[PDB]
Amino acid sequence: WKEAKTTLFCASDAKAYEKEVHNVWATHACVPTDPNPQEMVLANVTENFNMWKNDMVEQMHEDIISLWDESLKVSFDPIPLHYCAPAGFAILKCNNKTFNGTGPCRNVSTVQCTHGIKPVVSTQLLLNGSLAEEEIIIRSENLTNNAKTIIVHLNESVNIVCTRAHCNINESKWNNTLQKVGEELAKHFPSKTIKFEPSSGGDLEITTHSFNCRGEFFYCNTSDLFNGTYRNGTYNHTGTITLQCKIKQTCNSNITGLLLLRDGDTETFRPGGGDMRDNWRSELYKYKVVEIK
């Protein structure tokens, strides 16, 4: 029960016969998972957490880097990956579902492995992740610093399917989402108008919504999604909303989070991304590593 750092290992449901790339990297370097769920619930116990300084994020990063590197020296469908604590250490799991990833958490649990997380490299929006339970969440190291990213957890899933390109979003689901987000931002930012506008500039992956499907890279136009005013009340001003994807040479998935950036009478937020570690921070906000005392 002492906070520390140590090398972790991965658990896979990998099958040796499958030639899918996530399998072949996992078969070699991920040990078989444990059927026993394991659990150790605690309560009225407080531990400080900081999702923005967690070495667990860096460890998944270097694995996926090596995964992609050795994979692309065709199949490509990720596997949910479990990251597990070694002997002498454990993983603390904060349980306040209203937790924002920083400060004290009064409800913890003890696990030796993580929940299944498949690695999905993307920008602007987080896909196939873990939905936030109950309320929608807002996470940043410093909201005062415009440069620091803002991760928004989705408590209601929106299905997204793009085929060989265009993308499909139900307007009813999306307009629900933005109204809440701006309302949460209205709590975090006073009196200020709160607009959503597309990426001002940068690389193609950041300016579009980029993702990989079955091995082919898709970059989708986001000017249609980020186009609203959402002040007192709500209002979206764009043309089911459809986005334009560029193939470079279908996927049934659901969005689970947002990535935003603020410019510094109105406060405007734009889609972002790039550091795939923040994609990993979306699924690792709960876990911390401690040394058994």
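Just count from 1 along the sequence shown to find any residue number.
Inset, instruction - Please say, as none, 1 to 3, 4 to 9, or 10 or more, how many residues of the deposited sequence are without coordinates in the interval between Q249 and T250. - result: Gap between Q249 and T250: 10 or more unmodelled residues.
Legend entry - Between neighbours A165 and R164, residues that the deposited sequence lists but the model omits: Gap between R164 and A165: 10 or more residues without coordinates.
Inset, instruction - Would you tell me which stretch averages the higher CA B-factor in the PDB entry, 170-178 or 108-116? - result: For C-alpha atoms only, the mean B-factor is higher in 170-178.
Inset, instruction - Tell me which of 22-30 and 36-44 has the higher mean C-alpha B-factor in the deposited entry. - result: Result of the comparison: 36-44.
Inset, instruction - Could you check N54, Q59, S66, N254 and tell me which one carries the biggest Cα B-factor in the deposited entry? - result: Highest C-alpha B-factor among the listed options: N254.
Legend entry - Candidate set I150, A85, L154, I206 [ranked by C-alpha B-factor, highest]: That would be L154, according to the entry.
Inset, instruction - Name the third of the chain's ranked CA B-factors that contains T268, choosing lowest, middle or highest. - result: It belongs to the middle third of the chain when residues are ordered by C-alpha B-factor.
Legend entry - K293 - Cα temperature factor, lowest/middle/highest third of chain: Within its chain, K293 is a middle-third residue by C-alpha B-factor, going by the deposited values.
Inset, instruction - Would you check the entry's CA temperature factor for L258 and let me know if it's in the chain's lowest, middle or highest third? - result: Middle third of the chain for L258's C-alpha B-factor.
Inset, instruction - Comparing against every modelled residue in the chain, figure out the third that the C-alpha B-factor of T193 lands in (lowest, middle or highest). - result: It falls in the top third of the chain.
Inset, instruction - Would you check the entry's CA temperature factor for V74 and let me know if it's in the chain's lowest, middle or highest third? - result: It falls in the top third of the chain.
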